[PDB]
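Q: Below are the structure tokens for one structure; questions will follow.
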Amino acid sequence: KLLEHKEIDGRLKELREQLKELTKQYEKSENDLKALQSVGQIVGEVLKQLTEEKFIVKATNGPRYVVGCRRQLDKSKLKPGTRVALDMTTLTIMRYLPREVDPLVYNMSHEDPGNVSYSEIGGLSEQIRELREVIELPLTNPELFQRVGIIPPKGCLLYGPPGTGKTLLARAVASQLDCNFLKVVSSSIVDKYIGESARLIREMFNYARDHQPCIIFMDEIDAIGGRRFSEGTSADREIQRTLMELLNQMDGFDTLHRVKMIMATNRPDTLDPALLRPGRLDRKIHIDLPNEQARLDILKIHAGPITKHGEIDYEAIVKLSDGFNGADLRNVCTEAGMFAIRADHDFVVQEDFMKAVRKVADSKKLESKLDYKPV
Amino acid sequence: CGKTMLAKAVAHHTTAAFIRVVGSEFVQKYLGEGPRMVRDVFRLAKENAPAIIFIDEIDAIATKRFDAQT
Amino acid sequence: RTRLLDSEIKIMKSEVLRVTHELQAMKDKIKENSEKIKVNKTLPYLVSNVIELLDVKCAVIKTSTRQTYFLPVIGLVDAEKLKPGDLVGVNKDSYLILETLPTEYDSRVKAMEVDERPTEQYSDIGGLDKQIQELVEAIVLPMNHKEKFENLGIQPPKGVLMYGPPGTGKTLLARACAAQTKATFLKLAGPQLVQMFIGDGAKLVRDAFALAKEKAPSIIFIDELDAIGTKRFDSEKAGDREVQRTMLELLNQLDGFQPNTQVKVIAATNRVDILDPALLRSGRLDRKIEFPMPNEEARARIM
Ligand SMILES: Nc1ncnc2c1ncn2[C@@H]1O[C@H](COP(=O)(O)OP(=O)(O)O)[C@@H](O)[C@H]1O
Ligand SMILES: Nc1ncnc2c1ncn2[C@@H]1O[C@H](COP(=O)(O)OP(=O)(O)O)[C@@H](O)[C@H]1O
Ligand SMILES: Nc1ncnc2c1ncn2[C@@H]1O[C@H](COP(=O)(O)OP(=O)(O)O)[C@@H](O)[C@H]1O
């Protein structure tokens with residue numbers, strides 16, 4: 001007799017349940033349906049405020065217009081250069097917004113994820129410490145810098161033979177420090193649209209200028225690095241300006257604050273006099289080919305994760321290994337590794353080493369001129 | 001040798017209207033923005049009063065070896 | 001029999017619930033589809049690269065017409081779907097985003113793909129077996145065997161570099177890999193990357209360097225690096241900026257910030273000198289590989 005409550009509730013529970021399950025779908029989707037009529041809103045910066053309601057605004061997508069405000073927008077807030085939402089017919093303020101950052105400031109900002117700390121590398125606690133002091137300290141320990149009477153450092157530029165450990169430094173720094181490093185390969189900045197490289201640079205320093213403290217790390221500047229002429233293609237003119245755009249910001253009138261800059265290059269022989277100069281670049285950081293010590297020191301770091309019978313010829317490998325850069329050594333491991341995988345010996349030895357080493361130092365003959373000091 | 005300092009000094013002690021316009025800003029993504037500014041800075045200069053228009057790095061604007069076609 | 005009719009009466013009243021929602025279904029089930037087709041059905045789509053994804057549910061976008069419109073209704077398109085630089089359907093009238101689009105990728109770049117796929121086996125060749133091993137040994141293995149490398153703690157060589165006479169035979173080796181390496185062959189000419197618009201070389205490289213990163217695995221072949229490969233002087237008066245930067249750009253791609261072992265890069269050059277000295281190194285292209293003009297038997301072998 002009591003089986004009915006189920007047959008009542010059985011129907012009921014499901015029934016009463018499946019009711020809202022399917023009813024909610026209408027609400028969510030309906031929002032999506034309704035929001036359809038809804039509509040775009042022009043953007044622009046206020047050029048100025050003619051009257052409280054009368055505004056001179058240059059469409060962010062073109063020419064200037066006389067327009068008014070809305071009401072509760074805050075005629076007080078509306079100010080020169082303020083980016084505002086604008087109307088597509090009424091053509092008035094649809095709602096003021098903040099200072100964007102384009103779709104390029106993200107890739108160099110929130111994107112570029114550094115790797116392991118600084119310990120990962122080394123061979124010359126020279127720049128590691130030297131950069132750190134200039135760069136890190138002048139932020140968390142600058143409060144006393146003034147007690148000596150010296151502005152924090154300005155900029156630091158690596159410059160060394162291709163493979164001295166430069167690109168690996170920017171990674172180590174942004175990984176450990178962590179704050180607001182925005183990496184600019186100084187190449188993808190170039191576009192083709194008159195001053196399309198001026199806006200990128202402005203946003204870079206603007207974002208950062210506001211977002212500071214921020215680390216600016218430019219990979220290969222030899223691009224915008226340039227040098228000027230007298231002259232070259234009509235193209236070069238674009239870069240220059242752009243090459244200058246930064247120069248004027250790094251110094252010029254408005255004074256960089258909190259936001260610091262790491263300059264990157266292989267060959268500093270190419271760079272413009274007006275860039276290397278303090279007020280723009282403080283002290284240059286050289287990264288020479290690891291010493292026999294530096295090699296050995298770096299050699300045990302890349303070959304450290306390798307299966308090697310009690311025969312590791314570290315003093316032998318490093319020895320024959322001269323003029324070998326930091327990757328010329330890594331390659332040395334990787335090379336031997338191919339001998340390792342090679343024929344068949346899951347476990348490397350002192351044989352698949354030297355063979356590589358010379359092998360690795362053999363083809364190194366195809367690399368004329370690998371040094372270039374600045375000024 | 002200290003030219004950008006000289007402008008900072010003048011904008012400091014100064015008294016008129018120091019316009020700091022960079023020659024690298026004049027060229028935009030538009031076909032008339034440049035003149036439209038100069039007419040502005042120059043227009044604004046007339047309005048302000050004895051004003052200092054200052055152009056840091058006029059190279060970005062004036063570089064002789066022009067090339068009409070690009 | 002009361003509770004029967006009592007739990008019986010419930011059924012129709014129960015049924016109402018489901019039966020009535022089937023009304024409530026069709027009600028919106030039609031208007032949902034209805035207006036959506038009219039607004040979405042609009043096959044005109046003005047793609048617009050997102051910029052800032054303000055969550056104060058707001059978000060601005062710049063059109064393929066180069067027009068920025070702050071839409072306060074991201075419309076059809078989840079946040080995640082949202083991020084800068086991302087193709088979007090935008091109803092022309094409304095600038096309401098309809099669809100998300102795949103992604104940018106140069107029509108000049110796509111031509112770097114390989115449908116016909118060569119057919120040169122190896123026996124086609126002769127005398128090149130030394131490096132043919134190497135050729136294989138630097139790509140196929142590292143591709144079809146990444147668990148073996150670490151089981152010896154190593155790393156796989158980052159791509160190779162072919163050099164030597166200009167008639168020995170290297171383009172076949174590519175051809176060989178192209179037909180063999182089931183991976184998506186990425187053949188590209190060094191000249192192509194050479195462009196006019198101050199920003200085609202870097203863009204294309206990125207474009208090509210990305211297209212590969214989204215089809216792993218891939219062997220990008222680069223005939224004559226010299227095209228884009230050449231030391232960078234330091235003059236006054238004039239001097240190649242593009243060919244340099246593009247190299248630089250390229251350089252900054254192969255290695256540099258952010259590493260990648262998803263793409264294999266194989267470049268031949270009839271002359272391994274002019275090439276700048278930041279392309280060889282050992283990280284960029286791991287293995288320097290000679291193609292010696294052959295002996296005789298090999299000659300006997302080729303003939
Ligand atoms: N001091 C070092 N310690 C460890 N690895 C190094 C070192 N120097 C170079 N390498 C190897 O080379 C890479 C760094 O190259 P990088 O310094 O970016 O060259 P470039 O200066 O031409 O950009 C690292 O991934 C690492 O494998
Ligand atoms: N006599 C001086 N008095 C004060 N500062 C000087 C003097 N000479 C050089 N400097 C310093 O050198 C820098 C000069 O920068 P500036 O001449 O503006 O370079 P640029 O010409 O590239 O703009 C300033 O930071 C300034 O402090
Ligand atoms: N070992 C070989 N066996 C057969 N043909 C070869 C061999 N080496 C080179 N060739 C010939 O060389 C041609 C390709 O020349 P290649 O070396 O690719 O020019 P480049 O080196 O300037 O790209 C092919 O037509 C092929 O017949």
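Simple scheme: letters A, B, ... for chains in structure tokens order, numbers from 1 for residues in each chain, numbers from 1 for ligands in the order shown.
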Sort by chain and increasing residue number a table of all residues of chain C within 6 Å of chain A, each with its closest pair of atoms and their distance in Å to one decimal, counting only C-alpha atoms, and write it as a tab-separated table.

A:
```
residue	atom	partner	partner_atom	distance
C:7	CA	A:8	CA	5.7
C:51	CA	A:103	CA	5.0
C:67	CA	A:61	CA	5.2
C:69	CA	A:42	CA	4.7
C:70	CA	A:41	CA	4.8
C:71	CA	A:40	CA	4.7
C:84	CA	A:103	CA	4.9
C:85	CA	A:103	CA	5.8
C:94	CA	A:39	CA	5.6
C:95	CA	A:40	CA	5.4
C:152	CA	A:346	CA	5.3
C:153	CA	A:306	CA	4.4
C:154	CA	A:334	CA	5.7
C:155	CA	A:334	CA	6.0
C:198	CA	A:192	CA	5.3
C:199	CA	A:191	CA	4.8
C:234	CA	A:270	CA	5.0
C:236	CA	A:229	CA	5.3
C:237	CA	A:231	CA	4.6
C:238	CA	A:232	CA	4.4
C:245	CA	A:223	CA	5.5
C:249	CA	A:187	CA	5.7
C:256	CA	A:167	CA	5.5
C:277	CA	A:367	CA	5.5
C:278	CA	A:162	CA	5.3
C:282	CA	A:328	CA	5.7
```

Q: Can you list, as a compact mmCIF listing (two decimals) with C-alpha atoms, in the first residue's frame, every protein, DNA or RNA residue that comes within 9 Å of residue 20 in chain B when you count only C-alpha atoms, leaving out same-chain residues fewer than 5 positions away?

A:
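The result, written out as around19.txt:
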```
# COMPACT_ATOMS: atom_id res chain seq x y z
CA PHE A 253 61.83 65.02 -20.40
CA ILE B 52 58.62 77.72 -26.02
CA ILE B 53 57.95 75.13 -28.64
CA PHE B 54 60.65 72.50 -28.10
CA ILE B 55 61.32 69.62 -30.54
CA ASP B 56 63.62 66.95 -29.14
```

Q: Considering only C-alpha atoms and all ligand atoms, give me a table of residues in chain C that are at most 6 Å from ligand 3, with the closest atom pair and distance in Å for each, as a Markdown table.

A:
```
| residue | atom | partner | partner_atom_place_in_ligand_line | distance |
| --- | --- | --- | --- | --- |
| C:125 | CA | ligand 3 | 3 (N) | 3.5 |
| C:126 | CA | ligand 3 | 1 (N) | 3.9 |
| C:127 | CA | ligand 3 | 1 (N) | 5.3 |
| C:128 | CA | ligand 3 | 1 (N) | 5.4 |
| C:166 | CA | ligand 3 | 22 (O) | 4.0 |
| C:167 | CA | ligand 3 | 17 (O) | 4.1 |
| C:168 | CA | ligand 3 | 9 (C) | 4.0 |
| C:169 | CA | ligand 3 | 9 (C) | 2.8 |
| C:170 | CA | ligand 3 | 18 (O) | 4.2 |
| C:171 | CA | ligand 3 | 18 (O) | 3.4 |
| C:172 | CA | ligand 3 | 18 (O) | 5.7 |
| C:270 | CA | ligand 3 | 22 (O) | 5.6 |
| C:302 | CA | ligand 3 | 3 (N) | 4.8 |
```

Q: Kindly indicate which residue among B:46, B:1, B:70, B:21 lies nearest to chain C, using only C-alpha atoms for the distances.

A: B:70

Q: Between B:32, B:4, B:39, B:58, which has the minimum distance to chain A (counting only C-alpha atoms)?

A: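 Among B:32, B:4, B:39, B:58, it is B:4 that comes nearest to chain A.
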
Q: How close does chain B get to chain A? List, as JSON lines, each residue of chain B within 12 Å, its nearest atom pair and the distance in Å to one decimal, counting only C-alpha atoms.

A:
```
{"residue": "B:1", "atom": "CA", "partner": "A:277", "partner_atom": "CA", "distance": 10.5}
{"residue": "B:2", "atom": "CA", "partner": "A:279", "partner_atom": "CA", "distance": 10.6}
{"residue": "B:3", "atom": "CA", "partner": "A:252", "partner_atom": "CA", "distance": 9.6}
{"residue": "B:4", "atom": "CA", "partner": "A:252", "partner_atom": "CA", "distance": 6.0}
{"residue": "B:5", "atom": "CA", "partner": "A:252", "partner_atom": "CA", "distance": 8.3}
{"residue": "B:6", "atom": "CA", "partner": "A:253", "partner_atom": "CA", "distance": 10.6}
{"residue": "B:7", "atom": "CA", "partner": "A:253", "partner_atom": "CA", "distance": 8.1}
{"residue": "B:8", "atom": "CA", "partner": "A:253", "partner_atom": "CA", "distance": 6.7}
{"residue": "B:9", "atom": "CA", "partner": "A:253", "partner_atom": "CA", "distance": 10.5}
{"residue": "B:10", "atom": "CA", "partner": "A:253", "partner_atom": "CA", "distance": 11.6}
{"residue": "B:11", "atom": "CA", "partner": "A:253", "partner_atom": "CA", "distance": 9.7}
{"residue": "B:12", "atom": "CA", "partner": "A:253", "partner_atom": "CA", "distance": 11.3}
{"residue": "B:18", "atom": "CA", "partner": "A:253", "partner_atom": "CA", "distance": 11.4}
{"residue": "B:19", "atom": "CA", "partner": "A:253", "partner_atom": "CA", "distance": 11.1}
{"residue": "B:20", "atom": "CA", "partner": "A:253", "partner_atom": "CA", "distance": 8.0}
{"residue": "B:21", "atom": "CA", "partner": "A:253", "partner_atom": "CA", "distance": 10.2}
{"residue": "B:22", "atom": "CA", "partner": "A:248", "partner_atom": "CA", "distance": 8.0}
{"residue": "B:23", "atom": "CA", "partner": "A:241", "partner_atom": "CA", "distance": 8.2}
{"residue": "B:24", "atom": "CA", "partner": "A:241", "partner_atom": "CA", "distance": 5.5}
{"residue": "B:25", "atom": "CA", "partner": "A:198", "partner_atom": "CA", "distance": 7.2}
{"residue": "B:26", "atom": "CA", "partner": "A:195", "partner_atom": "CA", "distance": 8.7}
{"residue": "B:27", "atom": "CA", "partner": "A:195", "partner_atom": "CA", "distance": 5.8}
{"residue": "B:28", "atom": "CA", "partner": "A:195", "partner_atom": "CA", "distance": 4.9}
{"residue": "B:29", "atom": "CA", "partner": "A:194", "partner_atom": "CA", "distance": 5.8}
{"residue": "B:30", "atom": "CA", "partner": "A:62", "partner_atom": "CA", "distance": 7.9}
{"residue": "B:31", "atom": "CA", "partner": "A:194", "partner_atom": "CA", "distance": 9.7}
{"residue": "B:32", "atom": "CA", "partner": "A:63", "partner_atom": "CA", "distance": 9.7}
{"residue": "B:33", "atom": "CA", "partner": "A:63", "partner_atom": "CA", "distance": 8.9}
{"residue": "B:34", "atom": "CA", "partner": "A:195", "partner_atom": "CA", "distance": 11.1}
{"residue": "B:36", "atom": "CA", "partner": "A:63", "partner_atom": "CA", "distance": 10.4}
{"residue": "B:37", "atom": "CA", "partner": "A:47", "partner_atom": "CA", "distance": 11.8}
{"residue": "B:40", "atom": "CA", "partner": "A:47", "partner_atom": "CA", "distance": 11.6}
{"residue": "B:54", "atom": "CA", "partner": "A:253", "partner_atom": "CA", "distance": 10.8}
{"residue": "B:55", "atom": "CA", "partner": "A:252", "partner_atom": "CA", "distance": 10.6}
{"residue": "B:56", "atom": "CA", "partner": "A:248", "partner_atom": "CA", "distance": 7.5}
{"residue": "B:57", "atom": "CA", "partner": "A:244", "partner_atom": "CA", "distance": 7.8}
{"residue": "B:58", "atom": "CA", "partner": "A:241", "partner_atom": "CA", "distance": 9.5}
{"residue": "B:59", "atom": "CA", "partner": "A:241", "partner_atom": "CA", "distance": 7.5}
{"residue": "B:60", "atom": "CA", "partner": "A:241", "partner_atom": "CA", "distance": 4.9}
{"residue": "B:61", "atom": "CA", "partner": "A:241", "partner_atom": "CA", "distance": 8.3}
{"residue": "B:62", "atom": "CA", "partner": "A:237", "partner_atom": "CA", "distance": 10.2}
{"residue": "B:63", "atom": "CA", "partner": "A:237", "partner_atom": "CA", "distance": 8.2}
{"residue": "B:64", "atom": "CA", "partner": "A:230", "partner_atom": "CA", "distance": 9.4}
{"residue": "B:65", "atom": "CA", "partner": "A:231", "partner_atom": "CA", "distance": 7.0}
{"residue": "B:66", "atom": "CA", "partner": "A:234", "partner_atom": "CA", "distance": 7.2}
{"residue": "B:67", "atom": "CA", "partner": "A:234", "partner_atom": "CA", "distance": 6.2}
{"residue": "B:68", "atom": "CA", "partner": "A:234", "partner_atom": "CA", "distance": 8.9}
{"residue": "B:69", "atom": "CA", "partner": "A:234", "partner_atom": "CA", "distance": 9.1}
{"residue": "B:70", "atom": "CA", "partner": "A:234", "partner_atom": "CA", "distance": 6.8}
```

Q: Hey, what does DSSP flag as strand (DSSP E or B) within range 202-244 of chain C? Can you give it to me as a PyMOL selection string?

A: chain C and resi 218-223

Q: Please produce a file of those selected residues containing N, CA, C and O atoms, as a compact mmCIF listing (two decimals), in the first residue's frame.

A:
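Output below, filename selection.txt:
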```txt
# COMPACT_ATOMS: atom_id res chain seq x y z
N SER C 218 57.39 18.71 -37.25
CA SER C 218 57.60 19.46 -38.48
C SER C 218 59.07 19.66 -38.71
O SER C 218 59.85 19.92 -37.78
N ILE C 219 59.43 19.50 -39.97
CA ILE C 219 60.75 19.77 -40.43
C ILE C 219 60.63 20.94 -41.39
O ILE C 219 60.09 20.83 -42.47
N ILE C 220 61.16 22.06 -40.99
CA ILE C 220 61.19 23.22 -41.85
C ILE C 220 62.50 23.20 -42.65
O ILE C 220 63.57 23.31 -42.09
N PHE C 221 62.40 23.07 -43.96
CA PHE C 221 63.57 23.15 -44.81
C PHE C 221 63.82 24.56 -45.29
O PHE C 221 62.89 25.25 -45.73
N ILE C 222 65.07 25.00 -45.20
CA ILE C 222 65.42 26.36 -45.62
C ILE C 222 66.52 26.36 -46.67
O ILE C 222 67.67 26.22 -46.34
N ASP C 223 66.16 26.48 -47.93
CA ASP C 223 67.18 26.37 -48.95
C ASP C 223 68.03 27.63 -48.92
O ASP C 223 67.52 28.73 -48.74
```

Q: As a PyMOL selection string, please: the residues near residue 179 in chain C (cut-off 6 Å, only C-alpha atoms, same-chain neighbours under 4 positions excluded).

A: chain C and resi 117-119

Q: Can you measure CA of residue 212 in chain C to CA of residue 130 in chain C for me? One decimal in Å is fine.

A: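 Those two atoms sit 28.2 Å apart.
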
Q: Wanna dump the chain C-ligand 1 contacts at 12 Å for me, each residue with its shortest atom pair and the distance in Å to one decimal, counting only C-alpha atoms and all ligand atoms, ordered by chain and number, as a Markdown table?

A:
```
| residue | atom | partner | partner_atom_place_in_ligand_line | distance |
| --- | --- | --- | --- | --- |
| C:154 | CA | ligand 1 | 27 (O) | 11.4 |
| C:155 | CA | ligand 1 | 27 (O) | 9.8 |
| C:156 | CA | ligand 1 | 27 (O) | 11.6 |
| C:157 | CA | ligand 1 | 27 (O) | 11.2 |
| C:158 | CA | ligand 1 | 27 (O) | 10.7 |
| C:248 | CA | ligand 1 | 22 (O) | 10.3 |
| C:249 | CA | ligand 1 | 23 (O) | 11.9 |
| C:250 | CA | ligand 1 | 23 (O) | 12.0 |
| C:251 | CA | ligand 1 | 22 (O) | 8.4 |
| C:252 | CA | ligand 1 | 23 (O) | 7.7 |
| C:253 | CA | ligand 1 | 23 (O) | 10.4 |
| C:254 | CA | ligand 1 | 23 (O) | 10.1 |
| C:255 | CA | ligand 1 | 18 (O) | 6.7 |
| C:256 | CA | ligand 1 | 18 (O) | 4.9 |
| C:257 | CA | ligand 1 | 18 (O) | 7.3 |
| C:258 | CA | ligand 1 | 25 (O) | 9.3 |
| C:259 | CA | ligand 1 | 25 (O) | 7.7 |
| C:260 | CA | ligand 1 | 25 (O) | 10.5 |
| C:261 | CA | ligand 1 | 25 (O) | 11.8 |
| C:276 | CA | ligand 1 | 22 (O) | 11.7 |
| C:277 | CA | ligand 1 | 22 (O) | 9.5 |
| C:278 | CA | ligand 1 | 22 (O) | 6.2 |
| C:279 | CA | ligand 1 | 22 (O) | 8.8 |
| C:280 | CA | ligand 1 | 22 (O) | 10.1 |
| C:281 | CA | ligand 1 | 22 (O) | 7.9 |
| C:282 | CA | ligand 1 | 12 (O) | 8.4 |
| C:283 | CA | ligand 1 | 12 (O) | 6.2 |
| C:284 | CA | ligand 1 | 22 (O) | 8.8 |
| C:285 | CA | ligand 1 | 12 (O) | 11.8 |
| C:286 | CA | ligand 1 | 12 (O) | 11.2 |
```

Q: Write out as a list in words which residues come within 7 Å of residue 287 in chain C when counting only C-alpha atoms, dropping same-chain ones fewer than 2 positions away.

A: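 Skipping anything fewer than 2 positions along the chain leaves residues 160, 161, 285 and 289 of chain C.
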
Q: Which neighbours of residue 70 in chain A fall inside 8 Å, counting only C-alpha atoms, when residues of the same chain fewer than 2 positions from it are skipped, and could you give them as a VMD selection string?

A: chain A and resid 53 68 72 to 73 92 to 94

Q: With C-alpha atoms kept, could you save the residues just selected as a tab-separated table (two decimals), in the first residue's frame?

A:
```tsv
chain	number	residue	atom	x	y	z
A	53	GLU	CA	29.16	69.09	-21.84
A	68	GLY	CA	28.77	66.36	-25.16
A	72	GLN	CA	26.32	60.75	-14.29
A	73	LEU	CA	29.56	60.25	-16.18
A	92	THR	CA	28.68	61.21	-27.49
A	93	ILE	CA	30.42	59.64	-24.59
A	94	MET	CA	29.19	56.13	-24.05
```

Q: Name the residues of range 177-299 of chain A that come out as helix (DSSP H, G or I) in a backbone DSSP run; write them as a ChimeraX atom specification.

A: /A:196-211,222-225,236-250,268-270,273-276,292-299

Q: I need the chosen residues saved as a CSV table (one decimal), in the first residue's frame, with N, CA and C atoms.

A:
```csv
chain,number,residue,atom,x,y,z
A,196,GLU,N,53.8,52.8,-36.7
A,196,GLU,CA,53.2,51.6,-36.0
A,196,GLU,C,54.3,51.2,-35.0
A,197,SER,N,55.5,51.6,-35.1
A,197,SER,CA,56.6,51.2,-34.2
A,197,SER,C,56.7,52.2,-33.1
A,198,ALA,N,56.1,53.4,-33.3
A,198,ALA,CA,56.1,54.4,-32.3
A,198,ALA,C,55.0,54.2,-31.2
A,199,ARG,N,53.9,53.7,-31.6
A,199,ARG,CA,52.8,53.4,-30.7
A,199,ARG,C,53.2,52.2,-29.8
A,200,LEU,N,53.7,51.1,-30.4
A,200,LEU,CA,54.2,50.0,-29.6
A,200,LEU,C,55.2,50.4,-28.5
A,201,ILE,N,56.1,51.3,-28.9
A,201,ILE,CA,57.1,51.7,-27.9
A,201,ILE,C,56.5,52.6,-26.8
A,202,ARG,N,55.6,53.5,-27.2
A,202,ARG,CA,54.9,54.3,-26.3
A,202,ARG,C,54.1,53.5,-25.3
A,203,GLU,N,53.3,52.5,-25.8
A,203,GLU,CA,52.5,51.7,-24.9
A,203,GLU,C,53.4,50.9,-24.0
A,204,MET,N,54.6,50.5,-24.5
A,204,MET,CA,55.5,49.7,-23.7
A,204,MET,C,56.0,50.5,-22.5
A,205,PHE,N,56.3,51.7,-22.7
A,205,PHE,CA,56.8,52.6,-21.6
A,205,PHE,C,55.6,53.2,-20.9
A,206,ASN,N,54.5,53.4,-21.6
A,206,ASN,CA,53.3,53.9,-20.9
A,206,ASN,C,52.8,52.9,-19.9
A,207,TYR,N,52.4,51.7,-20.4
A,207,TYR,CA,52.0,50.6,-19.6
A,207,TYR,C,52.9,50.6,-18.4
A,208,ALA,N,54.2,50.4,-18.7
A,208,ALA,CA,55.2,50.3,-17.7
A,208,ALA,C,55.3,51.5,-16.8
A,209,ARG,N,55.4,52.7,-17.5
A,209,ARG,CA,55.4,54.0,-16.8
A,209,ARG,C,54.4,54.0,-15.7
A,210,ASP,N,53.2,53.6,-16.1
A,210,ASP,CA,52.1,53.5,-15.1
A,210,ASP,C,52.3,52.2,-14.2
A,211,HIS,N,52.6,51.1,-14.9
A,211,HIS,CA,52.7,49.8,-14.2
A,211,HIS,C,54.0,49.7,-13.5
A,222,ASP,N,69.7,45.2,-32.2
A,222,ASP,CA,70.4,45.5,-33.5
A,222,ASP,C,69.3,45.8,-34.5
A,223,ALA,N,68.1,45.3,-34.3
A,223,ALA,CA,67.0,45.7,-35.1
A,223,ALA,C,66.8,47.2,-34.9
A,224,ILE,N,65.9,47.6,-34.1
A,224,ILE,CA,65.8,49.0,-33.7
A,224,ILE,C,67.1,49.5,-33.3
A,225,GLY,N,68.0,48.6,-32.9
A,225,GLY,CA,69.4,49.0,-32.5
A,225,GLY,C,70.0,50.0,-33.5
A,236,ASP,N,64.6,52.8,-43.6
A,236,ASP,CA,65.5,53.1,-42.5
A,236,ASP,C,64.9,54.2,-41.7
A,237,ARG,N,64.4,55.2,-42.3
A,237,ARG,CA,63.8,56.4,-41.6
A,237,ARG,C,62.8,56.0,-40.6
A,238,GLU,N,62.0,55.0,-40.9
A,238,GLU,CA,61.0,54.5,-40.0
A,238,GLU,C,61.6,54.0,-38.7
A,239,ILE,N,62.6,53.1,-38.8
A,239,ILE,CA,63.3,52.5,-37.7
A,239,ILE,C,63.9,53.6,-36.8
A,240,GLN,N,64.7,54.4,-37.5
A,240,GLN,CA,65.4,55.4,-36.8
A,240,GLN,C,64.4,56.0,-35.8
A,241,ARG,N,63.5,56.9,-36.3
A,241,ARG,CA,62.5,57.5,-35.4
A,241,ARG,C,62.2,56.5,-34.3
A,242,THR,N,61.7,55.4,-34.7
A,242,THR,CA,61.4,54.3,-33.7
A,242,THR,C,62.6,54.0,-32.8
A,243,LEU,N,63.8,53.9,-33.5
A,243,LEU,CA,65.0,53.8,-32.7
A,243,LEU,C,65.2,54.9,-31.8
A,244,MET,N,64.7,56.1,-32.2
A,244,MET,CA,64.8,57.3,-31.4
A,244,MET,C,63.7,57.4,-30.4
A,245,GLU,N,62.5,56.9,-30.8
A,245,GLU,CA,61.4,57.0,-29.9
A,245,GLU,C,61.7,56.5,-28.5
A,246,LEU,N,62.4,55.4,-28.4
A,246,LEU,CA,62.9,54.8,-27.2
A,246,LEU,C,63.9,55.7,-26.5
A,247,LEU,N,64.8,56.2,-27.3
A,247,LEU,CA,65.9,57.0,-26.8
A,247,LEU,C,65.3,58.3,-26.1
A,248,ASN,N,64.3,58.9,-26.7
A,248,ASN,CA,63.7,60.0,-26.2
A,248,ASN,C,63.0,59.8,-24.9
A,249,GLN,N,62.4,58.6,-24.7
A,249,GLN,CA,61.7,58.1,-23.5
A,249,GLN,C,62.7,57.8,-22.4
A,250,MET,N,63.7,57.0,-22.7
A,250,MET,CA,64.7,56.6,-21.8
A,250,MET,C,65.3,57.7,-21.0
A,268,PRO,N,77.7,44.5,-30.4
A,268,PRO,CA,77.6,45.9,-30.1
A,268,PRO,C,78.3,46.9,-31.0
A,269,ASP,N,79.0,46.3,-32.0
A,269,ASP,CA,79.8,47.2,-32.9
A,269,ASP,C,78.8,48.0,-33.8
A,270,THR,N,77.5,47.6,-33.8
A,270,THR,CA,76.6,48.2,-34.8
A,270,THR,C,75.8,49.4,-34.2
A,273,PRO,N,75.8,55.8,-31.5
A,273,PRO,CA,76.4,56.5,-30.3
A,273,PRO,C,75.4,56.9,-29.3
A,274,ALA,N,74.3,57.5,-29.8
A,274,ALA,CA,73.4,58.2,-28.9
A,274,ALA,C,72.6,57.2,-27.9
A,275,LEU,N,72.8,55.9,-28.1
A,275,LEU,CA,72.1,54.9,-27.3
A,275,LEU,C,73.0,54.4,-26.1
A,276,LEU,N,74.2,54.0,-26.4
A,276,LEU,CA,75.1,53.5,-25.4
A,276,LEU,C,75.3,54.4,-24.2
A,292,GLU,N,88.2,28.0,-18.6
A,292,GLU,CA,88.4,26.6,-18.3
A,292,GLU,C,87.7,26.2,-17.0
A,293,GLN,N,87.8,27.1,-16.1
A,293,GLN,CA,86.9,27.1,-14.9
A,293,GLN,C,85.4,27.2,-15.2
A,294,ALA,N,85.1,28.3,-15.9
A,294,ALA,CA,83.8,28.5,-16.3
A,294,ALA,C,83.2,27.4,-17.1
A,295,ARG,N,84.0,26.9,-18.1
A,295,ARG,CA,83.6,25.7,-18.8
A,295,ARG,C,83.4,24.6,-17.8
A,296,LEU,N,84.4,24.1,-17.2
A,296,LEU,CA,84.2,23.0,-16.2
A,296,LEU,C,83.0,23.3,-15.3
A,297,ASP,N,82.9,24.5,-14.8
A,297,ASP,CA,81.8,24.9,-14.0
A,297,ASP,C,80.5,24.8,-14.7
A,298,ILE,N,80.4,25.1,-15.9
A,298,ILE,CA,79.2,25.0,-16.7
A,298,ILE,C,79.0,23.6,-17.3
A,299,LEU,N,80.2,22.9,-17.4
A,299,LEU,CA,80.2,21.6,-18.0
A,299,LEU,C,79.5,20.6,-17.1
```

Q: Any idea what's packed within 9 Å of residue 195 in chain C, counting only C-alpha atoms, ignoring anything in its chain fewer than 4 positions away? Could you give it as a PyMOL selection string?

A: chain C and resi 191+199-201+242-243

Q: When you look at residue 51 in chain B with a cut-off of 7 Å (counting only C-alpha atoms), what residues show up, excluding the ones that are within fewer than 3 positions of it in the same chain? I need them as a PyMOL selection string.

A: chain B and resi 16-18+45+48
